[PDB]
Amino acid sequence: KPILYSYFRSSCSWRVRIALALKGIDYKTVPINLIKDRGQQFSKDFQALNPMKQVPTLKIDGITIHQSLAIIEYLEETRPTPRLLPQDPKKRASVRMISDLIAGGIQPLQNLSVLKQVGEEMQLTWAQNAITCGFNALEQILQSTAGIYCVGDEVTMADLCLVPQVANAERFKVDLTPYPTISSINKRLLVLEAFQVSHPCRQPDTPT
């Protein structure tokens, strides 16, 4: 049975939990809380299951896969239904473009011990500028790719990266007023079951 190594409000592991929920794969979560006295990701316990020192990893089918997006595409390739990528290559590129922008273009610029090394004073204003310049970019894309959801009228890998990123912007008190397509898409997905049963307000690494 699949095992996932995750951090309850880690944006990137929420992505995998949504994908597991959408595919209907039962999975065990193994907590690793990442900031309690340098967290268990500076445990050099977690730093060679996946040497990147970070979230997530999925053991499945007798292998271990790191990187949220690589895991999600693995699940897409091996459990097709329901599809997380459209069939048309041109729209698949919109999905990957958007997810890469969030996963590689926005999230790295706001990751947390990115901002332990910033200097506490500049932690937030750098994450805010990062999310605003990204959301400035993203809204612009979604206004032509989006339909009901980020790409068209089906939930895709792009939406799995949207919801956790929008959750961070709110945590950083970033004003989504300028971003109506992002806001609207986010509301429509948060009413779906798989974005709820996976929510950081619904997961394992988690005290009272």
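Sequential numbering from 1, following the sequence displayed.
Enquirer: Which has higher Cα B-factors on average according to the PDB entry: 97-105 or 120-128?
Expert: Higher mean C-alpha B-factor: 120-128.
Enquirer: Check the entry's C-alpha temperature factors for 193-201 and 180-188, then say which stretch has the higher mean.
Expert: Between 180-188 and 193-201, it is 193-201 that shows the higher mean C-alpha B-factor.
Enquirer: Looking at 39, 62, 147, 164, which has the highest Cα B-factor in the entry?
Expert: Out of 39, 62, 147, 164, the record gives the largest C-alpha B-factor to 39.
Enquirer: Just to confirm, going by the entry's C-alpha B-factors, which of 171, 66, 44, 28 comes out highest?
Expert: Answer for 171, 66, 44, 28: 44, with the highest C-alpha B-factor.
Enquirer: By the record's CA B-factor, is residue 87 among the lowest, middle or highest third of residues in the chain?
Expert: CA B-factor rank for residue 87: middle third.
Enquirer: Could you tell me which third, lowest, middle or highest, the C-alpha B-factor of residue 58 occupies within its chain?
Expert: Middle third of the chain for residue 58's C-alpha B-factor.
Enquirer: Can you tell me which third, lowest, middle or highest, the CA B-factor of residue 34 falls into for its chain?
Expert: CA B-factor rank for residue 34: highest third.
Enquirer: What third of the chain, by the recorded C-alpha B-factor, contains residue 133?
Expert: Its C-alpha B-factor, which the entry lists for residue 133, ranks in the middle third among residues of this chain.
Enquirer: By its CA B factor, does residue 50 count among the lowest, middle or highest third of the modelled residues in the chain?
Expert: It belongs to the highest third of the chain when residues are ordered by C-alpha B-factor.
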